[PDB]
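This report refers to the structure that appears directly beneath it.
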Amino acid sequence: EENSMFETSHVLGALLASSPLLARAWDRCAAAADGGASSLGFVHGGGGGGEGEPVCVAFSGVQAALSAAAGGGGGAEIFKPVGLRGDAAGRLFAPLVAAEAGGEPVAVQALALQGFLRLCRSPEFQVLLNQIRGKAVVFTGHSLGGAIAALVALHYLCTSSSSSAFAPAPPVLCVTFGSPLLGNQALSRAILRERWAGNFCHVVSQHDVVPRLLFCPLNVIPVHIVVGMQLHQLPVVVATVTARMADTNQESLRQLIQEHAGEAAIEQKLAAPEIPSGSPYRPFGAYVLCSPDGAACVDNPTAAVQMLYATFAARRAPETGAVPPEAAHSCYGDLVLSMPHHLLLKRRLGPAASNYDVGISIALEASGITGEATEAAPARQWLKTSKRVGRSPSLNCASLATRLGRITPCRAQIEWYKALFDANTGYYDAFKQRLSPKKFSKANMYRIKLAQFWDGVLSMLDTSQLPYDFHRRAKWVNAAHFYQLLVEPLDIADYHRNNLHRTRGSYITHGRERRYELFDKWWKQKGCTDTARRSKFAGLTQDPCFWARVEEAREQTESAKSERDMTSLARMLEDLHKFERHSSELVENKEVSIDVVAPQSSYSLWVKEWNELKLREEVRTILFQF
Amino acid sequence: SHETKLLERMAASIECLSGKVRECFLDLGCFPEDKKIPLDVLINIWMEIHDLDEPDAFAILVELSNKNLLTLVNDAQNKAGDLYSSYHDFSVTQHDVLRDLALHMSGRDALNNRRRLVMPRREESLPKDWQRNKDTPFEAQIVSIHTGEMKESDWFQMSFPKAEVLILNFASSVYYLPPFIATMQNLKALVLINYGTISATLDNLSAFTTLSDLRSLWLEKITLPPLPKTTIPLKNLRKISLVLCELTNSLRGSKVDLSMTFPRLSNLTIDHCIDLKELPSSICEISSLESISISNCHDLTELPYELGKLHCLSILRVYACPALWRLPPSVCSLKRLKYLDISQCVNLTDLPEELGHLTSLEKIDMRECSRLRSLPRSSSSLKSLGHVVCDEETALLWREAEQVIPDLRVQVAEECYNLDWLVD
Amino acid sequence: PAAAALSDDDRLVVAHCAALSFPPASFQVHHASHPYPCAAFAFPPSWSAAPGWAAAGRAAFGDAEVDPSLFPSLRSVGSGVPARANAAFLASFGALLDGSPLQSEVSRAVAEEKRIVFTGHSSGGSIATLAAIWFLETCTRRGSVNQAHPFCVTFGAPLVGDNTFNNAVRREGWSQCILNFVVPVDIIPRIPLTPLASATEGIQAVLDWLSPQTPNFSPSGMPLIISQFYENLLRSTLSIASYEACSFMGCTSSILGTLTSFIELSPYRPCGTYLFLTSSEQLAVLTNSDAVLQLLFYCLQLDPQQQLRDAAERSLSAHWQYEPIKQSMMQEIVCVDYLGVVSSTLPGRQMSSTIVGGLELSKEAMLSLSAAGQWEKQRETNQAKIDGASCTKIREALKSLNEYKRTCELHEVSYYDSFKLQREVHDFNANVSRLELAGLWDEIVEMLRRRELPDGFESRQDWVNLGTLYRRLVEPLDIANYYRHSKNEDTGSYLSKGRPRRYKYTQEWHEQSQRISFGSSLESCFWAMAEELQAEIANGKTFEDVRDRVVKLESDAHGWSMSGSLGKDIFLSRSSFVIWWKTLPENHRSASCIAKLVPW
Ligand SMILES: Nc1ncnc2c1ncn2[C@@H]1O[C@H](COP(=O)(O)OP(=O)(O)O)[C@@H](O)[C@H]1O[C@@H]1O[C@H](COP(=O)(O)O)[C@@H](O)[C@H]1O
């Protein structure tokens with residue numbers, strides 16, 4: 001319960017602050033801010049310790065900000081989201097968007113994309129990318145340029161999977177040292193689905209305006225203040241941009257952004273996709289909210305937004321003057337130097353219900369919120385919503401082991417049913433034709449039970465109640481492979497018995513279940529990360545979708561028996577010949593079970609029909625050219 | 001030989017038991033050889049013949065089974081010894097030697113005008129001795145026929161004035177009802193078990209009109225012909241058992257008032273119905289129904305909405321129906337219910353919220369209901385539950401109800417795996 | 001933990017060791033008969049950063065693998081991963097074993113029926129810990145199990161070992177034999193936490209200040225390098241403590257894994273019993289390794305009004321304050337438990353910086369200690385469930401399988417061949433029992449991998465015997481299932497590629513208990529080697545090409561039959577092996593080591 005649960009955000013924040021990674025990142029950011037006006041990016045350097053220290057590369061996007069300010073703000077013109085699959089260049093983010101269907105594509109900020117393209121124009125960036133290949137890279141940057149760095153980091157990672165075919169990809173970490181929101185919820189979901197959200201961090205000041213100003217609707221977004229904040233890092237259009245600073249009420253602007261953040265921080269609970277009035281910008285990755293007292297790391301995006309709104313809304317005592325955005329965005333070095341010092345001090349305390357409440361209070365004090373203010377009252381509750389309630393994932397896996405052990409006898413009975421009909425027609429055709437119903441009903445019951453169990457396992461995986469390394473365990477992947485290779489033909493027979501292939505579509509394209517695709521991906525990853533001829537037919541067919549191809553080939557042959565158009569029948573005969581060659585190659589290697597070579601199996605009938613069709617003069621003439 | 005050395009010993013042992021038990025043994029012998037005999041049909045025919053409506057028939061069956069005379073095959077996943085559920089889950093199998101002794105005892109009587117006529121052979125044609133003695137029709141109460149593909153021309157004139165039951169075992173795609181089926185004026189039960197691997201149809205429907213005082217029927221692997229507009233009131237019919245019968249939506253298109261065609265129907269059993277989208281609503285218009293049992297139907301998506309019109313149902317056994325997902329609310333307004341069985345309902349989302357109105361409920365079976373993980377609050381108001389069989393997952397759910405109801409008992413049962421499905 | 005309390009004999013021994021360590025390579029021998037005859041071996045400390053503390057290597061922490069010959073038990077039983085320790089300390093101990101006559105002196109005290117003890121200060125105590133373990137290994141391997149356990153008394157010793165190193169000693173039960181006295185302000189035990197090889201100038205500077213022989217009379221005071229080193233040490237200690245805190249608290253964040261590769265974490269972990277000298281009249285005793293690691297940082301937090309230079313001076317001087325231990329140990333000292341007191345304290349109430357045993361800890365320290373205590377309780381709860389319903393179910397399944405073996409043995413057939421065919425109902429029933437047994441055993445193995453069970457689980461004789469019976473009755477059935485599904489033609493050999501991890505764990509448990517060579521107990525996997533031989537002989541290879549492997553199979557079968565580990569169903573005149581053997585060439589059959597065991 002609450003007494004047995006502990007708060008862990010402040011521990012992670014202290015771990016992040018203690019390490020000099022943030023200090024080195026800010027040093028690189030300051031080096032870039034000091035004269036990165038040249039087209040080339042910030043000096044990689046390496047720190048001298050090539051082995052001890054990973055290569056640290058900073059990215060300053062001041063020139064991109066100047067280019068944007070040349071054309072003016074206009075209102076959302078530079079902040080209009082741009083897609084990746086359709087617009088811009090999808091080559092860089094093909095793994096990111098190679099399947100996009102829901103609420104727009106991943107999308108990205110236009111200015112960040114422009115800065116990324118400008119960096120990509122320089123061949124020196126490509127040379128540096130080639131040099132840092134095969135190592136660990138820390139991607140840093142201040143203001144929007146840091147976000148640009150994130151994009152670059154993403155691109156690097158977006159190519160690492162290409163290089164990391166067998167070995168795991170080298171670790172690359174991006175910090176972005178505080179940047180406005182880059183992508184919508186689609187991009188966050190795409191990153192999370194790739195197990196790629198752990199390579200990004202975000203450090204946001206307590207009273208900074210830039211990281212949270214994107215929460216307002218795009219029509220009211222102050223492009224000028226953000227572009228001028230990026231311009232401020234440049235050493236002393238510029239006069240006009242600075243003039244926009246003076247003609248801006250700090251209190252009024254703070255009121256507007258606070259109101260927008262409050263409106264956007266409670267819309268998640270009342271999920272209304274039908275009314276997306278607010279800006280689609282959403283945070284991604286893990287956010288390290290920093291303050292002179294300390295830090296707190298939040299991974300839940302909803303909790304991240306809630307904590308951001310709570311820490312900006314919570315104002316210091318009125319004796320302190322109105323915080324200027326320049327000082328708020330340009331004091332990060334002082335905080336970097338200060339948080340470890342405060343965390344190394346044993347401050348003496350001067351009726352908590354449980355240790356969880358104490359941890360929440362400590363994290364809130366480290367986050368910089370005002371305890372006396374009422375803003376801490378909802379935030380604590382928000383901190384209670386982020387934490388999940390339940391047993392540890394290790395115990396879940398341990399219980400799932402015995403659950404699978406108990407469920408396996410159903411698979412054993414399915415194996416007995418398959419072995420029963422392996423001599424005359426085959427278990428696939430028997431299941432499709434529903435021969436011997438008193439056994440077909442039992443087989444269907446066992447198949448349904450197995451499918452329900454595996455769907456429950458997948459649902460548990462999707463909720464993150466299981467260990468992250470679940471998909472990289474030999475036992476689970478081989479059990480899933482066995483279940484797939486034994487039961488999937490039954491599912492194909494059930495699908496083709498209801499004539500769903502003529503209404504829903506092809507089984508391999510639309511009718512296939514997500515479970516089987518995930519199992520195939522797991523098997524492929526296991527084979528990559530880790531032959532004598534078969535003297536006898538294998539117990540199970542290696543290809544789980546062979547019967548679907550057989551059914552498609554039979555349908556194509558039946559269509560060709562009546563097709564009259566030469567141009568169409570040419571391509572259908574080409575496909576039939578390709579499948580015939582594939583089937584012959586599979587049979588010669590004896591990679592198929594004996595039930596496939598059964599005299600009354602569908603494969604033999606298809607072979608006979610294909611030979612009869614080939615006997616035709618027109619088919620022979622068409623195949624002769626091919 | 002063995003007839004006098006060993007078979008005569010068994011005959012003398014049977015001769016020790018007098019009257020009802022001996023005639024029950026003979027009736028069991030008349031049943032088809034090496035065939036699984038359901039308990040319900042045997043009890044029904046015993047009650048019809050020996051007037052053993054009382055549990056004395058059950059006692060006689062137990063006494064017969066206690067002397068290694070008949071094998072009582074009992075399903076492993078059964079927690080009830082001799083309860084109502086167990087009364088429909090047993091089977092009776094006889095030994096070959098005992099059946100041969102019964103055949104010899106029957107043959108001790110005259111060939112014609114005997115008490116039981118049995119032909120223990122698979123000859124396609126009818127017995128030649130019976131045709132030779134066809135001049136004098138027999139008065140045998142039980143007649144056994146075992147022929148293959150038989151047409152209308154493959155019959156000859158018989159009569160059985162005193163017969164009350166007849167067994168017809170065959171294996172073909174079509175069948176014509178013999179003319180002599182229009183001879184018994186007091187026939188009470190008919191058996192139409194079909195061995196044919198292909199679905200078998202029936203002919204001579206007008207013969208069913210001639211049938212009267214019939215109270216039992218057990219069809220198996222028979223395609224039911226559509227019911228025409230003709231009434232044909234089987235008033236005395238009370239029990240119908242359909243096992244592995246493909247209706248082929250014949251009853252779907254039939255719109256006849258079931259209150260007159262089957263006015264006294266009480267027990268209906270549908271087992272292993274391969275193709276059945278939904279039961280017709282007309283079955284809800286029969287108030288005499290008191291026991292509905294749908295078993296191993298994988299296509300039954302939804303029960304009829306107006307299931308509460310029965311107002312007489314006492315035992316509801318709907319199990320092994322994956323397609324079923326919800327129960328009709330009208331089942332809440334079903335008084336006198338005592339045994340509800342929803343076992344093996346894998347895709348049962350939830351129970352109706354008005355379950356509290358189900359008074360006098362005694363036993364609930366919800367084993368292997370993985371999807372069912374929520375119970376209505378009204379279940380706490382069931383002040384009549386005394387025994388619940390369910391898995392361990394629902395035990396936590398019933399932990400709240402067992403405090404309110406003191407006599408409620410929850411039994412945890414685990415799945416059992418066997419290889420009997422192959423035996424058949 | 002009743003063993004935490006120190007008996008009167010133990011206190012007298014500790015007082016004697018303190019006098020030798022702090023008198024008013026070159027090991028010293030001291031003989032005393034109070035309270036019982038004993039021999040004390042003292043080890044001088046080292047005041048050199050290189051090669052005394054950190055050797056010459058590219059490793060940033062100076063860690064090296066342990067010698068299998070000297071320490072054959074300091075390894076993971078389940079996985080076989082060798083333990084790691086400080087390279088410099090391991091090399092120093094090895095020189096004494098080969099060069100110094102210490103090996104002769106320790107044997108003489110054993111011949112004198114005197115309990116031996118090991119004492120040392122600073123790096124000297126670190127070597128004493130290795131010496132105590134080495135003596136334990138020699139006694140355990142031999143039949144002289146009646147020898148008295150060594151007493152390892154250390155006064156402010158640096159952290160030496162690894163997570164595998166700490167687990168190994170707890171599994172054997174030798175943690176009670178090691179006592180570590182550490183001043184809460186002492187800096188020496190926390191030095192290995194910061195990287196040693198990377199920062200050698202700072203370590204040498206502080207070692208020179210702490211060296212009694214080295215003069216330290218700087219008029220200015222402590223050099224600025226020492227003050228900078230102290231600040232880095234505190235920051236490094238915070239990083240390792242925070243990383244380990246999330247392990248037993250339940251963070252489970254996807255960013256933690258990536259951060260490991262980008263930050264330097266010390267692999268050294270506390271080992272043995274630690275007795276913090278909170279005050280003169282109190283002695284906090286902690287046995288949990290996680291609690292000790294957290295205490296190493298939260299006891300060094302800076303005061304509200306104090307400079308880092310002042311704090312470093314107190315830490316440096318605290319290393320030379322272990323002298324009053326001897327005088328204090330003479331009188332009774334309250335051995336107040338720390339984990340129990342912290343857990344007993346009500347949450348919220350008295351949450352301020354209370355005394356709590358004399359050490360005014362912080363609010364985060366209280367939460368960290370409470371989380372560590374609950375982690376230990378959770379592990380004990382998991383063991384109770386495994387020893388309850390899980391243990392009962394395993395025994396029932398084994399009984400059912402034993403009857404199946406007996407039934408087949410009455411028809412002069414082997415249960416291996418019968419299970420391979422899977423013809424009758426009995427084979428199906430055995431398959432169901434086998435599947436249930438696999439699930440129960442896999443849960444135990446999975447929980448052991450992630451350290452969800454006490455370290456002593458693998459040493460209990462009840463589970464070792466049960467695992468051996470399970471392995472020697474179900475492994476042939478699992479082998480038959482592997483080969484009856486033709487799984488050897490798409491994955492690989494059973495003994496090479498596909499073998500359940502549970503059987504590997506059980507075999508290693510039995511081998512460790514009997515102190516036999518690892519990987520030699522392969523009696524259960526006898527059919528697997530026979531099936532592969534029959535597969536190769538039918539794949540084109542001739543008998544002359546594989547006769548070398550056949551005689552090895554025959555020799556192993558003969559040796560196993562003598563001990564009785566070999567199954568009794570292999571020579572029943574109807575097994576596959578017997579029929580296959582008769583088809584072998586007459587020359588091999590005429591002269592074979594199994595020519596009489598076959599039922600000719
Ligand atoms: N080609 C394969 N196909 C499918 N399963 C395989 C294959 N090869 C090995 N296994 C099984 O995969 C597990 C390895 O994970 P492991 O325990 O080591 O854990 P990790 O490595 O993740 O830490 C072991 O249990 C192997 O069990 C053997 O294979 C038979 C499977 O039959 P079954 O399904 O009835 O059990 C069993 O009879 C045993 O001979």
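Starting from 1 in every chain, residues are counted up; chains themselves are A, B, ... following the order of the structure tokens, and ligands are numbered from 1 as listed.
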All residues within 6 Å of ligand 1 are required, counting only C-alpha atoms and all ligand atoms; please report them as a compact mmCIF listing (two decimals) with N, CA and C atoms, in the first residue's frame.
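Writing the result to out_29.txt gives the following:
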# COMPACT_ATOMS: atom_id res chain seq x y z
N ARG A 473 14.23 -12.96 -23.85
CA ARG A 473 14.41 -14.16 -23.05
C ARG A 473 14.13 -15.38 -23.92
N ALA A 474 15.03 -16.36 -23.86
CA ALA A 474 14.94 -17.51 -24.76
C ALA A 474 13.67 -18.32 -24.52
N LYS A 475 13.30 -18.53 -23.25
CA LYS A 475 12.16 -19.39 -22.94
C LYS A 475 10.88 -18.85 -23.55
N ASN A 478 10.92 -18.87 -27.51
CA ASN A 478 10.80 -20.20 -28.12
C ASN A 478 9.42 -20.81 -27.85
N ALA A 479 8.85 -20.55 -26.68
CA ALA A 479 7.48 -21.01 -26.42
C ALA A 479 6.50 -20.34 -27.37
N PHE A 482 6.91 -21.94 -30.81
CA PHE A 482 6.25 -23.24 -30.87
C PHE A 482 4.74 -23.08 -30.99
N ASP C 478 12.45 -35.12 -20.72
CA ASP C 478 12.64 -33.90 -21.49
C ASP C 478 13.52 -34.15 -22.71
N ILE C 479 14.51 -35.03 -22.58
CA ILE C 479 15.34 -35.39 -23.73
C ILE C 479 14.50 -36.08 -24.80
N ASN C 481 11.27 -35.71 -25.31
CA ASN C 481 10.41 -34.71 -25.92
C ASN C 481 11.18 -33.88 -26.94
N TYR C 482 12.44 -33.57 -26.65
CA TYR C 482 13.25 -32.78 -27.58
C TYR C 482 13.49 -33.53 -28.88
N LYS C 487 13.44 -31.59 -32.94
CA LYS C 487 13.98 -30.28 -32.61
C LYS C 487 15.50 -30.21 -32.71
N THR C 491 17.46 -26.52 -34.55
CA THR C 491 18.13 -25.70 -33.54
C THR C 491 19.55 -26.16 -33.26
N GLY C 498 20.13 -26.54 -27.08
CA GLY C 498 18.88 -26.53 -26.34
C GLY C 498 18.88 -27.39 -25.09
N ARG C 499 19.01 -26.76 -23.93
CA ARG C 499 18.94 -27.45 -22.65
C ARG C 499 18.30 -26.50 -21.65
N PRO C 500 17.31 -26.95 -20.89
CA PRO C 500 16.66 -26.06 -19.92
C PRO C 500 17.65 -25.55 -18.88
N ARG C 501 17.46 -24.29 -18.48
CA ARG C 501 18.35 -23.68 -17.49
C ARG C 501 18.14 -24.29 -16.11
query = Please, which residues of region 438-567 of chain A, numbered as in this document, come out helix (DSSP H, G or I) from DSSP, as a VMD selection string?
reply = chain A and resid 438 to 463 468 to 472 474 to 497 500 to 502 507 to 511 514 to 529 546 to 560 566 to 567
request  = Using only C-alpha atoms, find the residues of chain A whose closest atom to chain C is at most 6 Å away, then write them as a ChimeraX atom specification.
outcome  = /A:8,11,15,18,198,344-346,349,351-355,398,401-402,405,539
request  = Determine which residues of chain B sit within 8 Å of chain A, taking into account only C-alpha atoms, and present them as a PyMOL selection string.
outcome  = chain B and resi 272+274+296+298+322+346+417+421-422
request  = Would you list the contacts of region 405-418 of chain C as number ranges by chain, taking every protein, DNA or RNA residue within 8 Å and counting only C-alpha atoms, but skipping same-chain residues closer than 2 positions in sequence?
outcome  = C: 401-403, 420-423, 427, 476-477, 480, 569-570, 572-576
message = Can you pull out the residues contacting region 106-110 of chain C? Cut-off 10 Å, using only C-alpha atoms, and skip same-chain residues under 6 positions away; I want them as a list in words.
response =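 Final neighbour list, sorted by chain and number: residues 29, 31, 37, 38, 39, 40, 41, 116, 117, 135, 147 and 148 of chain C.
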ask   = Could you pull the residues within 6 Å of region 208-224 of chain B, counting only C-alpha atoms, minus those fewer than 6 positions along the same chain, as a PyMOL selection string?
value = chain B and resi 182+186-194+199-201+232+236-247
